[PDB]
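Here you get one chain, nothing else, as structure tokens; it is the form deposited in one PDB entry.
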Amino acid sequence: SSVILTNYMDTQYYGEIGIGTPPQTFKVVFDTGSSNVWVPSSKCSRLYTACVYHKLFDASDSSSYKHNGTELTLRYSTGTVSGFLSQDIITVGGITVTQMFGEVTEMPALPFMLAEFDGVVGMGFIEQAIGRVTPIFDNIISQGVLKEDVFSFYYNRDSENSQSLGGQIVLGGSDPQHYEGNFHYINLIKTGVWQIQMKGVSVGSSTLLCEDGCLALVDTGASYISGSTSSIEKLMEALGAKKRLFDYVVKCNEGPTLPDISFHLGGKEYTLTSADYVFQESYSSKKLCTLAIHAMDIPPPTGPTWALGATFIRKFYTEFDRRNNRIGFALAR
């Protein structure tokens, strides 16, 4: 199965899923950086303005609903949500599965008021599942219907003319329509996390970063490519970028000239061009242009680690292989 995704400003990719009977629809990010499923709850206080602006699941209108009520809290690098657990049938592009998910009752304004999506479908391993809840992908696998134990991500580049798909996720394989060349696989450091060994990061012609090795989390639920505050400070220093509050900028007229940035993964260099990491919204020397690379310190056990988000996946079609515990990259078509 494949789910069509919508691209919002190159920072938010989400698709649709139905929960309950009749199906209550929700926009959700398919996140390889987490393992739980959650959507805003009708029990969410309207004092949380974010709940006023999103679709809310109402168990009272679902005949297939299954109570549980176990409380849980989901911690993301840029925000937290609280709620309780519930069970119901979830429709994911053709596949129907009974799933345990979280009904969020606490959705902080910053950042959720800025989310185009309603919730999250975690594609991570159960090992990282808060509350030891069986992940939706594991449950789908249990049905023995997927042609293969893998799922793929295609994140397109933004577009001013809704007619071009913003992206697509395939359950059970990869769509040859959106990649060329052959996949180059990299074995997972450890099962339980979509993290791999990164052999080095280079800026221009000189591997000035991640020498001796480092970690790379391949996060489909993250907007950018991130590294420890230390690493980025060094990286951004080379690009001549000014550190702001939440991002790093560069004078727009300088964006096009910025050097290539490479990532040494599984014995192949994955190179990004300025056009790939800079939000070139102007050429003016009187305007600032944001970089699609940020500083973000991920805490243990997962961190310290670099994170390969949408900035990376836009260029490289990504396949996640549960069967062989490996990640695959290929030039996105």
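One-based numbering along the sequence shown. Whichever C-alpha set is largest while still superposing within 1.5 Å between the two forms counts as the rigid core.
Beyond what is shown, the protein has a form deposited in another entry; the following relates to that form.
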query: Residue among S223, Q197, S77, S262 whose Cα moves 2 Å or more between this form and the one not shown, once the rigid core is superposed; finding: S77
query: Post core alignment: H54 C-alpha displaced by 2 Å or more between this form and the one not shown; finding: yes
query: Cα displacement of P176 between this form and the one not shown reaching 2 Å, rigid core superposed; finding: no
query: Core fit, then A115 C-alpha moves 2 Å or more between this form and the one not shown; finding: yes
query: Comparison of CA distance in the other form with shown form for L114, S226, at least 3 Å; finding: farther
query: Sense of CA distance change between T78 and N325 in the other form, threshold 3 Å; finding: farther
